[PDB]
Ligand SMILES: [Fe+3]
Ligand SMILES: [Fe+3]
């Protein structure tokens with residue numbers, strides 16, 4: 001009888017997945033995921049997606065080919081194509097609009113959603129599909145299944161369609177709906193197949209064989225907040241303000257609205273307050289999960305640790321980079337190991353989030369349906385790339401209005417107090433409710449700006465200014481700038497280096513070491529000056545407190561975030577010293593260059609005598625929102641649907657997805673074999689335990705010995721370096737059974753530019769790109 005998949009277990013026996021069962025299960029699970037959002041369309045797509053496997057040629061292939069080809073016989077990427085039979089059947093048995101709509105989902109369920117005319121042209125595939133359809137229907141008739149196994153009804157689709165589109169379909173919003181249904185199809189297909197791979201009858205069965213609910217998470221959060229309150233009852237200025245913010249968040253959580261903002265002072269508890277708002281709001285309005293998306297130029301780990309401490313290990317899913325195998329190493333198992341964000345708390349970048357929302361491929365689109373009915377927290381949303389701000393805010397508008405999503409725009413840009421101005425965080429959204437509107441104290445820093453005449457300082461001159469000072473955090477705008485400044489510093493200090501040339505784990509270890517030095521510094525007990533050279537990745541969620549911060553010229557919000565690491569708690573008996581300098585030009589994205597330009601023009605307008613003032617912030621956001629092309633790459637008209645009697649439904653999914661890939665200048669992921677610190681069977685130190693680790697091995701020890709102690713705790717090697725070698729072998733044996741390795745490798749990835757080039761510098765392994773250890777240095781990372 002007809003099968004959908006075949007697999008071979010480690011004892012070399014063969015198991016097969018019955019086709020009829022898989023079609024029914026995928027239909028039902030897709031309809032379940034699609035919920036109230038026109039689920040009949042998803043059901044039909046699940047029912048039809050594998051119709052082409054009824055071809056006798058397909059069943060013959062899956063029974064007669066080699067072991068590897070039999071296990072990968074459904075990966076059409078010669079294989080026997082099967083995805084387009086069900087697409088053609090939909091077109092033939094339904095009206096033009098519904099039929100072609102479904103054809104997009106069904107025919108893309110392996111290759112990704114296509115363009116109509118151009119890339120992967122769905123028009124050509126349909127015009128060439130008569131044989132595949134006829135053979136599939138032959139097979140289906142030959143089989144046992146009842147005549148009405150495919151009960152395709154225009155009228156029922158009409159009713160479901162108009163239930164979702166009360167006013168008919170908007171040609172410019174149609175792609176969001178089709179991508180959502182495509183997500184339902186893909187996630188249900190993959191989950192059912194993964195059930196089969198583990199021997200279970202269906203996805204529900206595997207689920208019941210073996211995540212706390214948001215109620216338990218909320219109770220944990222309350223326990224954690226209460227012990228934070230008791231543990232450090234400062235009864236201080238800062239604790240008072242944090243309390244006021246938390247109370248306003250808890251109050252605003254009851255409001256029946258979809259767009260909120262949370263504007264607080266730096267060090268004001270932005271993350272924990274946003275999480276409390278989100279938990280309570282989610283419980284009151286039936287949101288199913290919380291998504292926390294931070295700027296791409298961040299250390300995700302450092303933000304995620306707050307959530308890990310508040311709510312425990314098993315709840316937080318950390319997902320930033322794309323660890324995709326190259327197409328040539330895609331197998332059935334790697335295909336199934338993709339992320340669907342079914343976890344209740346997700347920590348991610350806004351690039352991962354919105355590039356998934358605009359994607360064509362199944363690996364990126366799988367997670368999409370789990371975003372509906374969620375709370376999404378955008379940390380510093382105003383830094384979303386300006387040139388994509390129109391599609392992104394259009395996306396957000398639709399998701400908030402029609403798909404149950406709540407957005408909270410968090411920013412630490414509350415001005416230093418005459419607060420007679422509001423701000424528009426994102427120029428394109430409907431009205432956004434500000435959570436902290438109750439007002440009212442003491443200054444924390446003094447800020448110095450570069451000269452209006454526009455002159456720049458050499459790296460040596462800036463290093464000389466820094467080296468004249470006992471303790472400085474210096475923040476620069478690019479990795480090369482970090483290298484040049486670090487090199488320029490003298491060798492009589494303790495100097496350290498952070499940039500995105502370093503993997504997360506390396507960064508977190510440097511951060512913990514800096515904490516130890518700082519604790520010594522604050523007791524008057526560090527015998528060398530302390531200089532940390534970092535990029536902007538430190539301003540996004542790293543909690544460090546320096547007495548002096550040097551900041552390269554940048555947008556006023558970036559300057560405020562930098563000052564947030566200078567006398568952060570307001571505990572020092574003198575104001576912090578913040579020096580904004582103008583060096584060699586540079587910036588990692590056109591949007592950050594735009595911020596720099598706005599700050600320069602404000603400086604030339606004499607508006608920055610008090611750079612954190614209400615006047616300064618209002619002027620910065622008005623000028624920023626007056627500048628830049630908000631859809632530079634034409635996303636909106638690429639994804640706007642064109643209809644006609646000849647071409648019922650034309651959308652450029654494939655071209656749009658590829659064009660959106662420029663949101664980060666085509667970032668390519670790269671795995672780096674940085675040997676981590678571990679403790680004794682060697683176990684790598686958990687990311688939120690590093691601080692305790694450094695205290696246990698270093699407290700009471702002279703600084704002159706620290707390095708040797710640290711070097712002794714590196715992950716032990718055998719008599720690629722070890723953890724990596726075992727990990728890659730685990731991926732090679734069975735990447736779905738050991739898919740957890742993928743998540744581990746996320747801490748040892750950096751992203752570089754497709755532009756940059758030695759021959760064996762980079763190799764491939766387990767389908768993933770890896771850098772040879774010779775090219776990754778202990779201080780600077782890669783180059
Ligand atoms: Fe398929
Ligand atoms: Fe399938």
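Numbering (the working numbering), first residue to last: 1 to 783. The beta-carbon is built from N, C-alpha and C at its ideal position, and this holds for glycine as well.
task = Name the two residues that bound the continuous beta strand (DSSP E) containing residue 531.
result = Position 531 of the chain shown, counting from 1, holds the residue named residue 531. 530-535 is the extent of the beta strand (DSSP E) around residue 531.
task = Determine, using beta carbons only, whether residue 469 and residue 548 come nearer to each other than 9 Å.
result = Within the chain shown, residue 469 is the residue found at index 469, counting from 1. Within the chain shown, residue 548 is the residue found at index 548, counting from 1. Yes. Within cutoff.
ask   = Per DSSP, residue 18 forms a beta bridge with which residues?
value = Translated into the one-based positions of the chain shown, residue 18 becomes position 18. In the DSSP output, where bridge partners are listed per residue, residue 18 has 3.
query = Per DSSP, what kind of secondary structure is residue 315 in: helix, strand or coil?
reply = Taking the first residue of the chain shown as 1, we reach residue 315 at position 315. Correct three-state label for residue 315: helix.
ask   = Thinking just about the alpha-carbon of each residue, which of 141, 154, 134 is nearest to the one in residue 44?
value = Here residue 44 refers to the residue found at position 44 of the chain shown. The shortest CA-to-CA distance from residue 44 to any of 141, 154, 134 is the one to 154.
request  = Please say whether residue 534 and residue 487 have beta carbons closer to each other than 9 Å?
outcome  = Residue 487 sits at position 487 when you count from the first residue of the chain shown. Residue 534 sits at position 534 when you count from the first residue of the chain shown. Taking 9 Å as the Cβ cut-off, residue 487 and residue 534 do not qualify as a contacting pair.
inquiry  = Let me make sure I understand the geometry here. Which of 271, 698, 654 has the alpha-carbon closest to that of residue 310?
reply    = The residue given as residue 310 occupies position 310 in the chain shown. Residue 271 is the option with its Cα nearest to residue 310.
query = Taking the Cβ atom as the reference point for each residue, do residue 110 and residue 131 lie within a distance shorter than 9 Å?
reply = As a first step, residue 110 is located in the chain shown; it is residue number 110 there, counting from the start. As a first step, residue 131 is located in the chain shown; it is residue number 131 there, counting from the start. No.
inquiry  = Taking the alpha carbon of residue 652 as the reference point, which residue from 537, 75, 360 has its own alpha carbon closest?
reply    = Locating residue 652 in the chain shown gives position 652, counting from the first residue. Residue 652 has its Cα closest to that of 360, out of 537, 75, 360.
inquiry  = Count Cβ pairs between the segment 358-375 and the segment 288-305 that sit closer than 8 Å; are there 3 or more?
reply    = yes
inquiry  = Taking 9 Å as the threshold (C-beta atoms), are residue 350 and residue 415 in contact?
reply    = For the purposes of this step, residue 415 is identified with residue 415 of the chain shown, where counting begins at 1. For the purposes of this step, residue 350 is identified with residue 350 of the chain shown, where counting begins at 1. Against a cut-off of 9 Å, the Cβ pair of residue 350 and residue 415 comes out as no contact.
key: Nearest neighbour of residue 637, chosen from 83, 173, 689, 462 [CA to CA]   = For the purposes of this step, residue 637 is identified with residue 637 of the chain shown, where counting begins at 1. Selected option, being the one with the closest Cα: 173.
ask   = Is the beta carbon of residue 147 within less than 8 Å of some heavy atom of ligand 1?
value = By 1-based counting over the chain shown, the position of residue 147 is 147. Not under cutoff, so the answer is no.
inquiry  = With DSSP as the reference, identify every bridge partner of residue 497, one or two as the case may be.
reply    = Translated into positions along the chain shown, residue 497 becomes position 497. Its beta-bridge partners are 533.
ask   = For residue 512, does the three-state DSSP call read helix, strand or coil?
value = Your numbering for residue 512 matches position 512 in the chain shown. Residue 512 falls in the helix class under three-state DSSP.
query = Can residue 203 be considered in contact with ligand 2, in the sense that its beta carbon sits closer than 8 Å to one or more heavy atoms?
reply = Position 203 of the chain shown, counted from the start, is the residue given in the question as residue 203. Answer for residue 203: no, Cβ out of range of ligand 2.
ask   = How big is the Cα-Cα spacing for residue 768 and residue 330?
value = For the purposes of this step, residue 768 is taken as the residue at position 768 of the chain shown. For the purposes of this step, residue 330 is taken as the residue at position 330 of the chain shown. Computed Cα separation, rounded: 11 Å.
ask   = For ligand 2, which residues have a Cβ under 5 Å from at least one heavy atom, in chain order?
value = 50, 189
ask   = residue 102 and residue 90 look like a contact to me (Cβ under 8 Å); what is the Cβ gap, rounded to whole Å?
value = The residue given as residue 102 occupies position 102 in the chain shown. The residue given as residue 90 occupies position 90 in the chain shown. Confirmed, about 4 Å.
ask   = Which partner residues does residue 227 have in the DSSP bridge list?
value = Reading the chain shown from its first residue, position 227 is the one you call residue 227. None, per the DSSP bridge assignment.
query = Using DSSP with H/G/I as helix, E/B as strand and the rest coil, what is residue 474?
reply = Within the chain shown, numbered from 1, the residue matching residue 474 stands at position 474. Three-state DSSP puts residue 474 in a strand.
message = Taking the beta carbon of residue 546 as the centre, do at least 16 other beta carbons fall within 10 Å, making it buried, or is it exposed?
response = The residue given as residue 546 occupies position 546 in the chain shown. It counts as buried.
message = Looking only at its chain, what residues have a beta carbon closer than 6 Å to the beta carbon of residue 459, apart from the 5 residues adjacent to it on each side?
response = In the chain shown, residue 459 corresponds to position 459, counting from 1. Taken in chain order, the residues that qualify are 484, 485, 488.
query = Looking at the unbroken beta strand (DSSP E) that takes in residue 387, where does it start and where does it end?
reply = By 1-based counting over the chain shown, the position of residue 387 is 387. In this chain, residue 387 is not harboured by any beta strand (DSSP E), its DSSP state being neither H nor E.
task = Report buried or exposed for residue 680, applying the criterion of at least 16 other Cβ atoms within 10 angstroms of its Cβ.
result = Along the chain shown, read from residue 1 onward, the residue named residue 680 stands at position 680. Classification of residue 680: exposed, given that the 10 Å Cβ count is below 16.
task = Pick helix, strand or coil for residue 24, following the three-state DSSP scheme.
result = Numbered from its first residue, the chain shown carries residue 24 at position 24. Residue 24: helix per DSSP, three-state reduction.
request  = For residue 194, count neighbouring Cβ atoms within 10 angstroms of its own Cβ and tell me buried if that reaches 16, exposed if not.
outcome  = Locating residue 194 in the chain shown gives position 194, counting from the first residue. It is buried - the Cβ of residue 194 has at least 16 other Cβ atoms within 10 Å.
request  = Count the other CB atoms, across all protein chains shown, that sit within 10 Å of the CB of residue 794; report buried if there are 16 or more and exposed otherwise.
outcome  = Any property of residue 794 remains undetermined from this structure, which presents the chain solely from 1 to 783.
query = Which residues mark the beginning and the end of the beta strand (DSSP E) in which residue 687 is found?
reply = Numbered from its first residue, the chain shown carries residue 687 at position 687. Taken as a continuous stretch (DSSP letters only), residue 687 belongs to no beta strand (DSSP E), as it is neither H nor E.
query = Beta-carbon separation of residue 551 and residue 514 under 9 Å?
reply = Within the chain shown, the letter at position 551 stands for residue 551. Within the chain shown, the letter at position 514 stands for residue 514. Against a cut-off of 9 Å, the Cβ pair of residue 514 and residue 551 comes out as no contact.
ask   = Are there three or more Cβ pairs, one per stretch, closer than 8 Å when the segment 748-759 is compared with the segment 658-676?
value = yes
inquiry  = Which complete alpha helix (DSSP H) runs does the segment 574-604 hold, if anything under 4 residues is left out?
reply    = Within the segment 574-604, the complete alpha helix (DSSP H) runs of at least 4 residues fall at 590-604.
ask   = Just reading off the alpha helix (DSSP H) that residue 206 is part of, what are its end residues?
value = Indexing the chain shown from 1 puts residue 206 at position 206. It spans 203-209 - the alpha helix (DSSP H) in which residue 206 sits, taken as one unbroken run.
query = Would you say the beta carbon of residue 76 comes nearer than 8 Å to a heavy atom of ligand 1?
reply = For the purposes of this step, residue 76 is identified with residue 76 of the chain shown, where counting begins at 1. Yes, the Cβ of residue 76 comes within 8 Å of a heavy atom of ligand 1.
query = What do you reckon, is the C-beta of residue 17 under 8 Å from a heavy atom of ligand 1?
reply = Here residue 17 refers to the residue found at position 17 of the chain shown. Every heavy atom of ligand 1 is 8 Å or more from the Cβ of residue 17, so no.
inquiry  = Taking 9 Å as the threshold (C-beta atoms), are residue 94 and residue 108 in contact?
reply    = Stepping through the chain shown from its first residue, residue 108 is reached at position 108. Stepping through the chain shown from its first residue, residue 94 is reached at position 94. No, Cβ-Cβ distance for residue 108 and residue 94 is not below 9 Å.
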